[PDB]
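Have a look at the structure below, then the notes.
Chain letters run A, B, ... following the sequence lines, proteins first and then strands; every chain starts at 1. Remember, it's 1-based here, ligands and their atoms both numbered in the order they're listed. Values below: all heavy atoms of this structure, side chains included; hydrogens, waters and symmetry mates excluded.
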Number of protein chains: 2
Amino acid sequence: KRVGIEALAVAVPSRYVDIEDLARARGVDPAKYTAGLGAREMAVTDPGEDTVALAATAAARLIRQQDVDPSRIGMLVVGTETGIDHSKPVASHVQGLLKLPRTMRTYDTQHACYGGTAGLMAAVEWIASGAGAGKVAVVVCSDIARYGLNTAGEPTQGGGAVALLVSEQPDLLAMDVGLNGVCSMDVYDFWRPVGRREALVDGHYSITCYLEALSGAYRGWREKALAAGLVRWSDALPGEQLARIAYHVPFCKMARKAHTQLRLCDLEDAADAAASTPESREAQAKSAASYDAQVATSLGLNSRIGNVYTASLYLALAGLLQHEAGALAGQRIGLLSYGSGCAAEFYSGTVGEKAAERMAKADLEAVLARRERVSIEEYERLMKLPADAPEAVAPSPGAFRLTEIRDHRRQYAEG
Amino acid sequence: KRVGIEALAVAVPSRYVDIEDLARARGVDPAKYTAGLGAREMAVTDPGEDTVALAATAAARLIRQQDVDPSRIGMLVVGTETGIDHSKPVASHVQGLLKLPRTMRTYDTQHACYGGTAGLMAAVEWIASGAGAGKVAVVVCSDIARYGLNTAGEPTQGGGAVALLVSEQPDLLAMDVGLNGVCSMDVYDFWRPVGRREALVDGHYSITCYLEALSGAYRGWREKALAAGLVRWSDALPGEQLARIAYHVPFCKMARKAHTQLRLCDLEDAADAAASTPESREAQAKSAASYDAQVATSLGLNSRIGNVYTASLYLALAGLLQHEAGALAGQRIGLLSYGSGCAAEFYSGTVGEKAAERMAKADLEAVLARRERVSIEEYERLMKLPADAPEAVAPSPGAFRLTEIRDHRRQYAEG
Ligand SMILES: CC(C)(COP(=O)(O)OP(=O)(O)OC[C@H]1O[C@@H](n2cnc3c(N)ncnc32)[C@H](O)[C@@H]1OP(=O)(O)O)[C@@H](O)C(=O)NCCC(=O)NCCS
Ligand SMILES: CC(C)(COP(=O)(O)OP(=O)(O)OC[C@H]1O[C@@H](n2cnc3c(N)ncnc32)[C@H](O)[C@@H]1OP(=O)(O)O)[C@@H](O)C(=O)NCCC(=O)NCCS
């Protein structure tokens, strides 16, 4: 008996900008974004590419690529911090756009960039409890990250959606139920009050909160993983025994910071830690070999899209399995989800034999291939457009766009 | 092995108005609100009684009244359609105000008035999956219903919060896991776009959607309950074999409509339905005897508070068990949750032997006793106050209020 992620699909906005064009535009050394942050291309949106449209594009693509029977979906959850109504959830819009049947729970989950994982766990545990046996769930992480012109967070902006298929046939990731570690605390590192279109953030403080919550979540998982015989204090650090580790990527260089911190948790908690110094522990924790073996190949997609909040971690999982699904089959990997506010959860799972099949059907290269580069000038023009003023452009085949808001009702079109 | 609701607590705003004062103020026949809608008293708020403050008051009261060990809480979820941030969830605020520890998931669930049930099921199935074994969850339904001055929905306004304790010791309601019926569809019956403080609603269309979604959800549950031997087609209709049925109460008279519809589902689907007429089926479905035996005693609290969206159904459960917990111990009851947008879920559970104990510790009479009546004139003045302008009044002991918003950070005080 297994449960977890069976397949995934992703949707991206139709436009992007080269990150070095953004630096030049802002009077910033390009190397700060490319080397300092690890960014290559930044997704940019117009009002037509809203949370619903992206979420529905991704979920409709999942059902098509993986040949999902819509009537087997018992749960449709949208994790997002870019909601479009205080009451009506994006999930209900997605249900209608996809013409899905009625025998399913629909709702949205919210906690910054952790909201997707929260919905994933609710779907997993709905199945694992037996309530969802014989059925599947679809959990969509959909967000548009917006910090504003001339802000420190601008180069980490992005947008898109990742639709996750959750079932008793977890071809991508059979998750280890009950082993999750979690760490949460009331903080103001990043937030976006109602009515404000741009987020508020204490940049370097959100990094500290990330690493603090990460440490607690990983340690919680490690304890449970030790008792279940999945890892051990041996010649290898417990975290080294995971084939790969994927982290929430607000920006690509954040994955190296997170991996260093995770390994420090092992080195500081090792029974022989007294024999080491902070200098020796940091040099070992920063091991380039460990980062290359465990993390480096998970950032290909994230570097060309930017921050997608709830979807960043699962874009990393996607980048990782896009190329290494076959090699990772039967191997256990770890995932760290973070949400400003804040909450972190660290969980593990085993990649399935059929993972390569499911990722090939996701055809991620073709998803990224359909985008077009625009100028910073055009990016800014689209940014200033009001949320109810989509561009008069058609969606791609099978994709969705917002067309207008009439009498407070949102209208959408399918390509 | 059992799982469900162990205990509950409720918080109410400090003010209310007599509903007949509202009618007189609006040039409406008082009997329309009292007889037509079933309302007695309508809760009213000032900006200090926001979603966080009400949610934190209820959850803090739960922990105190039921002597909960905060470090056993592994999940804290807030169901609400009155969010105060696009990113930071009410749950994270509640965590900080209550000074809870860190080993717990926090997030908000959204789907109109169904959002609390969604979070409840996520907590239940987290435990039932084994992931939450040995721990408890707290699910808070917190909302302020606001339609605006001189609107058709104004007399159904309200506010408050119900905090639910979810554990493997479901003293109030050991829920039948896996038997839920559910029915959802993309509709615009009721919604509230971002930035709009008052809800939009097609009144009588939301009633139809309620009854349509109810019918599907109940039928789904009934099918599963028939196969599990919990109900049977006998001299009694399947729905009659439930000791009680609690429904989402947007207004009190809505419970009679819902109960009539539920019974019609039985009468229309009965193998001998061909021998009946619509006239005979409606007269039997409207049975006053059945409504009095199954539903009537669940509306005492709702009638003095008004619509609390996510919390209305569980205020009904509270009113029911407040007086009949002892008699209902060992008996199975049904619950219907509705959320505009829309989604309905019907589920069942068995009242526990210790339910009367837990309800006595909730001391609901004293909760309602602390309120004060105000004038419609004062109600309107408080209504026009901006969300960031709380009244300079102290919270009650153990309760919380919003005090101000400084530099986009919300500040709260504990009484
Ligand atoms: C991430 C963020 C905090 C950084 O912005 P900043 O404060 O303007 O950038 P910094 O001053 O920290 O510079 C970033 C890095 O690039 C480096 N850098 C700067 N100029 C450089 C250059 N010319 N060549 C190479 N590297 C350079 C810096 O040394 C720094 O390195 P380090 O991380 O290894 O120390 C900001 O983009 C932000 O707030 N983002 C939004 C929130 C977020 O994503 N938070 C993450 C946690 S969830
Ligand atoms: C509920 C709501 C639709 C009713 O408002 P309304 O349209 O102004 O009221 P109606 O015209 O339907 O009148 C309501 C009832 O009171 C009765 N009534 C009116 N005047 C009366 C009087 N003087 N004496 C006795 N009864 C009276 C009506 O006959 C009607 O009865 P019925 O329900 O049994 O048919 C409105 O309050 C609303 O939109 N509420 C918000 C959304 C909501 O709660 N929806 C519920 C589904 S979630």
Side-chain angles (χ1 to χ4, degrees), chain A residues 23 26 28-39 87 112-114 145-148 151-158 189-190 199-211 213-214 247-252 254-258 260 306-307 309 312 338-342 344, chain B residues 23 26 28-39 87 112-114 145-148 151-158 189-190 199-211 213-214 247-252 254-258 260 306-307 309 312 338-342 344:
Chain A
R26 298 288 174 267
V28 183
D29 187 330
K32 176 174 181 180
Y33 298 169
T34 61
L37 302 181
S87 177
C113 21
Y114 165 69
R146 188 182 166 123
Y147 292 95
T151 62
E154 191 179 19
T156 73
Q157 287 174 170
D189 61 324
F190 164 106
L200 301 164
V201 65
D202 187 332
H204 290 89
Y205 177 55
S206 72
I207 289 169
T208 301
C209 293
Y210 183 117
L211 298 174
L214 176 157
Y247 303 86
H248 169 62
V249 190
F251 53 101
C252 285
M254 190 68 210
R256 192 181 296 276
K257 304 184 180 308
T260 294
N307 200 357
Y309 295 155
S312 297
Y338 179 74
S340 298
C342 73
Chain B
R26 298 288 174 267
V28 183
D29 187 330
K32 176 174 181 180
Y33 298 169
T34 61
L37 302 181
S87 177
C113 21
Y114 165 69
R146 188 182 166 123
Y147 292 95
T151 62
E154 191 179 19
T156 73
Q157 287 174 170
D189 61 324
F190 164 106
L200 301 164
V201 65
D202 187 332
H204 290 89
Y205 177 55
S206 72
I207 289 169
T208 301
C209 293
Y210 183 117
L211 298 174
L214 176 157
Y247 303 86
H248 169 62
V249 190
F251 53 101
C252 285
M254 190 68 210
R256 192 181 296 276
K257 304 184 180 308
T260 294
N307 200 357
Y309 295 155
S312 297
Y338 179 74
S340 298
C342 73

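In terms of polar-atom proximity, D29(B) is counted as a contact of ligand 2, with an N or O under 3.5 Å from an N or O of the ligand. Looking at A152(A) next to ligand 1, an N or O pair under 3.5 Å apart turns up. For ligand 1, none of its N or O atoms has an N or O atom of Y210(A) under 3.5 Å away. Considering backbone and side-chain atoms alike, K32(A) places an N or O below 3.5 Å from some N or O of ligand 1. At a 3.5 angstrom cut-off on N or O pairs, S206(B) counts as close to ligand 2. For a threshold of 3.5 Å applied to N or O pairs, the pair formed by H204(A) and ligand 1 contains at least one separation below that value. Inclusion of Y147(B) in the set of residues having an N or O under 3.5 Å from an N or O of ligand 2 is not warranted. Considering backbone and side-chain N/O atoms, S340(A) never comes within less than 3.5 Å of an N/O atom of ligand 1.
Within ligand 1, the atoms closer than 4.0 Å to a non-hydrogen atom of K257(A) are 32 (P), 33 (O), 34 (O), numbered from 1 in the order shown. Residue-ligand proximity, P250(A) to ligand 1, at heavy-atom distances under 4.0 Å covers atoms 44 (O), 46 (C), 47 (C), 48 (S). Contact atoms of ligand 1 toward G153(A): 37 (O), 38 (C), 40 (N), 41 (C) (distance under 4.0 Å to a heavy atom of the residue). Per-residue contacts place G203(A) under 4.0 angstrom from the following atoms of ligand 1 (heavy atoms of the residue considered): 3 (C), 39 (O).
Remark: distances from the non-hydrogen atoms of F190(A) to ligand 1 are all 4.0 Å or more. The closest approach between a heavy atom of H248(A) and any atom of ligand 1 is not below 4.0 Å.
Distance alone, capped at 3.5 Å, places no donor-acceptor pair between the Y210(B) side chain and the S340(B) backbone.
When every heavy atom of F251(B) is checked against every heavy atom of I207(B), the shortest pair comes out as CZ-CD1, 4.2 Å.
Separation of the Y309(B) and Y114(B) ring centroids does not fall under the 6.0 Å cut-off.
Between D189(A), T156(A), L37(A), it is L37(A) that holds the heavy atom closest to atom 14 (C) of ligand 1. Of the candidates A31(B), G306(B), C209(B), it is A31(B) that places a heavy atom closest to atom 25 (C) of ligand 2.
Each of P155(B), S312(B), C252(B), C113(B) was evaluated against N307(B); a single residue qualifies, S312(B), per the side-chain contact (heavy atoms from CB on, under 4.5 Å) test.
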